[PDB]
Amino acid sequence: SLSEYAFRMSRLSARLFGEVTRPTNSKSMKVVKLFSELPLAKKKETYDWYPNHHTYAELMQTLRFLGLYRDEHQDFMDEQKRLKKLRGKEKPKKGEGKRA
Amino acid sequence: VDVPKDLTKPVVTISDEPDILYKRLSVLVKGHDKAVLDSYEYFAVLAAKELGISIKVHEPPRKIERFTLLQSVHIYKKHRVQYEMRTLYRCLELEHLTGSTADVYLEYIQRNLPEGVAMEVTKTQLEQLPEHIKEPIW
Amino acid sequence: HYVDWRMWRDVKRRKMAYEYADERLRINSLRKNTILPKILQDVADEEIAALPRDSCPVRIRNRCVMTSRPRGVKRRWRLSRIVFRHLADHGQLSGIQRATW
Amino acid sequence: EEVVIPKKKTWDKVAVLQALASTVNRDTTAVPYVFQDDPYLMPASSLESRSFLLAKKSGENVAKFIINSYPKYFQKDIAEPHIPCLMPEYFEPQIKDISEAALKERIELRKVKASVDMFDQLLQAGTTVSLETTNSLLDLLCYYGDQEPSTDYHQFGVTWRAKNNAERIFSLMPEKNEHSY
Amino acid sequence: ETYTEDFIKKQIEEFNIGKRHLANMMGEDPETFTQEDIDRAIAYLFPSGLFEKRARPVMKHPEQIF
Amino acid sequence: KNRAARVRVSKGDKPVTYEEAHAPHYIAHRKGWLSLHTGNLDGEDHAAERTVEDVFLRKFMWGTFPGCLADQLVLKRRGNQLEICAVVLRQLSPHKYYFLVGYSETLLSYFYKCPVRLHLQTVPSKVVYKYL
Amino acid sequence: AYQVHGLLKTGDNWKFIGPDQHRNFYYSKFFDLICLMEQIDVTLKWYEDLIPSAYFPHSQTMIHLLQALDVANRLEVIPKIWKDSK
Amino acid sequence: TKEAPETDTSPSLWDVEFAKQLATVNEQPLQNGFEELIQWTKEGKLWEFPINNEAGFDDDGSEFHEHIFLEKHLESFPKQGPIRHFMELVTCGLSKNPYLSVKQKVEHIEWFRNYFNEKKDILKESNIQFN
Amino acid sequence: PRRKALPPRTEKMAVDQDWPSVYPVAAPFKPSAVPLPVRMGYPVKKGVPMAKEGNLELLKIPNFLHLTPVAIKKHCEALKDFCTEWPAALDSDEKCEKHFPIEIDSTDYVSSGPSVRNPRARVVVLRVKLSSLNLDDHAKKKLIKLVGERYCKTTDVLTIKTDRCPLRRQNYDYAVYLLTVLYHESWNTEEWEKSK
Ligand SMILES: [Mg+2]
């Protein structure tokens, strides 16, 4: 319990310092908190968590087609792909496959 | 024998508004190497003496942050690798500076902050009472 | 070009959740108090339950950004323990060493 | 007793740097700073001194050529504050509507072929072209002699031609002010 | 490990020459630059926190090294 | 038996560099960090974004100077600047090295929106610390 | 020539020396004149300052430095001049 | 010189092209490291020291009282009742949010204004007059 | 043939040169440009630390070759021009807080990366003693009842920390605004205060 003077004083301080002045229960003070920060989804760590993998692969792919980047991994996989084709183990054409 | 002539000096315009006063100006620096913080202390304390600033230095105690990880890709829960990150400190306590002295000195020591070193510059500025607080409105 | 389809499904979840965050915030605020009438809060319940399911932020998963692993990720680096260690053990993470004491 | 509070000196954002550069004179043991400082990359003749700087500049054109040819790979601003000069450049007019404002783009973008083609269509529409707008279009056509400035990738004799478009445009121009002449 | 006597003498030469450059950088008298001044200067110019001292940068007389 | 970043002993004939010759329990003891920034210091931010940048650059440089690098990159950051300190070999034309320095620097500065420099240090052959 | 060079080195005047062609021409001529009309000791001072710090010589300007060394009867330096020539 | 210049008139191609080659006069290769830091600072590539963590951010030139005092925007809402109570919590929280611009804050407030304006009937049934 | 590397220029360096010209700014250790026979590396058994050339250990040091004592003194001479003088009247901290009762704290955060932003920079702290203000008994009581724990009785300092606003500018302005309206309200005597 708080005296009327103690009560009317803490309400005056709250008005001054910009805190809630109406009596508000703890369940409704979430409204203040909700608008007092950013939504989790809006925070940079969240929406910008992943590197743009579309940009890192597409950039380094043209840099290889341009001759300015050597992709030892893609060279490896091309060689294997070339050999499998010789063995006859080539990818079938989509749709026009063995089955109907 | 080819020494240049008429060395052009930068324009330092003395203005007519007064200058900020800093009661003190604490400069904490944080690195992973202590020898690097020793060389940065030597540099910054000398730079302050060659500029007529009063400077004191102490070492705040270090922080060692450790965490554990699994050592294997799949099972073997009893086997861990543990890692740490040490943060070492040195606080440069400068005192009684004017805004322009600070401005020059910070810029200088900040541009020569070594790789892997961070700095937190607390500036305690001196100020006088706002006009509206001189006398009540009652 | 993401590591896999599970990462790709999280990339989309994170993006949709960002698009709707302001709407979701506003609707929650209505239904997160005792001030407003319940007939109104009940409408809000319906409204936010009708927003696309992939805008719900609890459906975001913090996967290794390099290998897409859904567990064992350190949040400061967004990497799985396998990937973190590989860089840490080669000396490639600034200031991170093996701990002994 | 009274605080003798001094006055705030001010300077430019390069001044302290310049104050520090004053303290150093060039190094005689070193080649110019634009070169790499390795015993094996240090130029060892005037020919190399020239050739090595062209190679470095050649690689920069290839970079700038890629950066401007694939803008999407370089449209993610991480810098604070924003650096306008490390962004890609866009040289194609983005407004296809026939309007006075759209004319300025082709003029500002020094696109001689786009401007004349748009000017022809615009003239057929019968819309009025401002004198200032027409004057600016003339400067571009005359300055380069109706020859498109070549950029990235897609002498002896008289280069001027009597049957050139610049001459024709003046005839079509209804009003010719002093700047036109 | 094959360090010919000639090899060492070329090392002592380089140390003496380097000793003088080090005193010059540090703004000290080349004629009174002791080893303890070499160590203090090298520690400042190449700061390393490596916990092992034998792994840190060093500039010693070739006879104390080889 | 531990495996991480250990080069095994073999038959006394394997050239290894000082970097390769040291196991992870020597990373603050007998050798340093191949990168230096402030992200992993107490109270600092963006350790993740620094780490993704460092994984790309090492990959970028390895394929951009194919067969030239003689050791690992040293990545440095000072404020807004980024320094790439490579040790390369002396087999490529210095014309080609200058092309690649100018190219990489430019391309990386527009990609990571910062001033990026690249300091080469040529060696004749890969510096051998030990024959494992 | 010392007045011409003296002017270039004042303030920010050195920025007017122009492209590489202009720069070699300037320093090539300037130094030829030094070797011919200057004391040998001061020619060696200008030799060390200008090359390769500011100017990569031409084949000729080595000859002039040789001749100036002969006129000064300082042949103990010719060895050094050969190394630099390479 | 001429008393009154043609300030309204703007430079032409000839003008700027001449300005470009007036600069080519003094352009020389960078001489040392200081010159590159100086060149980069002029180009805006390098940070300016001593650093301000808000260098480049002026926050739409807003003043403190536009973030902190948001009741002026509640003038279209009921002056009393549950809507006032509620909106007084939105603005209290908004007035404490250092991550939003004043424009973003006003968007939140304006949403609730449009939102409660659509639920008039719901609000009228519960005897809360909106307008 | 195969291009041969020139000799290091450390040989052409004079033992008395001015070293600041060689390394004017912060730059990575170059063996070919540093005339020191410095070795680094944990030695193999019956071996020596490794030579400077190709030594990746020396390239991992953030060196101080651009900041020798010579260089520093030279630098600071050119910078004395930029700095102004401390008011000789403000000798002691006693005199500082006599003439300047308010103190404003703020922090700047220097960190490496592409972005300079740091949300901790916005915070402003306003510190003042209540003995430096024009407060009677009445008002000194109400000011202390209004600020709560922002006031320390031991030191008599009232501390106002503000961080509501995006900018430090705006927060400082708010901190002053608060000290102001706190001072004027502590002087106003509402009628309900007779219920104490
Ligand atoms: Mg084990």
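Reckoned from all heavy atoms, side chains included, excluding hydrogens, waters and symmetry mates. The sequence lines fix the lettering, A, B, ..., with proteins before strands; numbering per chain opens at 1.
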Sequence neighbours excluded - side chain to side chain donor-acceptor pair (under 3.5 Å) pairs with any residue from residues 11-32 of chain F: E/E52-F/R30, F/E19-I/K60
Given a strict heavy-atom distance threshold of 4.5 Å, which part of [X] is in contact with chain I: side chain, backbone, both, or neither?
{"X": "F/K126", "answer": "neither"}
{"X": "F/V128", "answer": "backbone"}
{"X": "F/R90", "answer": "side chain"}
{"X": "F/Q81", "answer": "neither"}
{"X": "F/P94", "answer": "side chain"}
{"X": "F/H119", "answer": "side chain"}
{"X": "F/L82", "answer": "neither"}
{"X": "F/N80", "answer": "both"}

With a 6.0 Å cut-off (strictly less than), is the heavy-atom count around [atom1] of [X], excluding the residue itself, greater than 12?
{"X": "I/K145", "atom1": "NZ", "answer": "no"}
{"X": "I/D136", "atom1": "CG", "answer": "yes"}
{"X": "I/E85", "atom1": "CD", "answer": "no"}
{"X": "I/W187", "atom1": "CH2", "answer": "yes"}
{"X": "I/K12", "atom1": "NZ", "answer": "yes"}
{"X": "I/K80", "atom1": "NZ", "answer": "yes"}

Heavy-atom contacts under 4.5 Å, residues 31-51 of chain I to chain F: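 Hits under 4.5 Å: I/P31, I/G41, I/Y42, I/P43, I/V44, I/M50.
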Which portion of I/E53 sits near chain F, non-hydrogen atoms under 4.5 angstrom: backbone
F/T38 side chain to I/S112 backbone, donor-acceptor under 3.5 Å: yes
N/O donor-acceptor pair under 3.5 Å between F/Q121 side chain and I/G54 backbone: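 Judged by distance alone, yes, a pair lies under 3.5 Å.
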Spacing of F/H95 atom NE2 and I/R3 atom CZ [to the nearest 0.5 Å]: 8.5 Å
Atom pair CG/NZ of I/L59 and F/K76 - distance to nearest 0.5 Å: 6.0 Å
Side-chain heavy-atom pair F/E53, I/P114 within 4.5 angstrom cut-off: yes
Derivation and outcome, side-chain contact (heavy atoms from CB on, under 4.5 Å), residues F/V74 and I/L56: CA-CA 8 Å; F/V74 181; I/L56 205 80; 4.0 Å; yes
Selection from F/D71, F/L36, F/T122, F/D45 maximising heavy-atom pairs under 4.5 Å formed with chain I: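 Winner by heavy-atom pair count: F/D71.
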